[PDB]
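Got a structure here, written out as structure tokens. Questions coming.
As a convention, Cβ positions derive from the backbone with ideal geometry for all residues, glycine included, and neighbour counts pool all protein chains shown. Nothing in this text is a laboratory measurement; each read-out follows from the coordinates by a stated rule.
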Amino acid sequence: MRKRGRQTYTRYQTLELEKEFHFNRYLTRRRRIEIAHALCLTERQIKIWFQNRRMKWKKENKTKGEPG
């Protein structure tokens, strides 16, 4: 059993997510199956970590704040 929300991930586990995200900032069905297996994570929690990793990119990266 796992409780979600509370990360409790290894630096390594998150490192492989970070190397994976750096290469590919969107994950496919197939690649998630590989990823889930690889880090013994689940696609749901990978979605959460990837969603976190791309928040503050795909909602800040350039984006002039005030329209003008």
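In degrees, nearest 10, range 0 to 90: what is the angle between the Cα axis of helix 11-23 and the longest Cα principal axis of the chain?
50
Based on a Kirkwood Rh over C-alpha pairs, give the Stokes-Einstein translational diffusion coefficient of the chain at 4 °C and viscosity 1.567 mPa s in µm²/s.
The diffusion coefficient I find is 98 µm²/s.
Tell me which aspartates and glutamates have Cα within less than 20 Å of residue 58's Cα, excluding those fewer than 8 residues away on the same chain?
Reachable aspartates and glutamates: 18, 20, 66.
Tell me which of 39, 26, 67 sits at the most positive position along the dipole axis of the chain, charges placed on C-beta atoms (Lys, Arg +1; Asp, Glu -1).
67
While we're here: Among the listed pairs 19/47; 3/62; 19/64; 3/59, which have their C-alpha atoms separated by more than 24 angstrom in this model?
Over 24 Å apart, Cα to Cα: 3/62; 19/64; 3/59.
How far is helix 43-54 tilted, in degrees, relative to the longest principal axis of the Cα atoms in the chain, given as a value from 0 to 90 rounded to the nearest 10?
Its long axis makes an angle of about 30 degrees.
Another question, if that's okay. Which FRET efficiency value, to the nearest 0.05, do you get for residue 54 and residue 1 by plugging their Cβ-Cβ distance into 1/(1 + (r/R0)^6) with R0 = 22 Å?
My answer for the efficiency is 0.20.
With +1 assigned to the C-beta of every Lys and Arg and -1 to the C-beta of every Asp and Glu, and no other charges, what is the dipole magnitude of the chain about the Cα centre in debye, to the nearest 20?
240
Once you have the Cα-Cα distance between residue 33 and residue 10, take 0.36 nm times their residue separation minus that, and quote the gain in nm to one decimal.
Extending this stretch completely gives an extra 6.3 nm.
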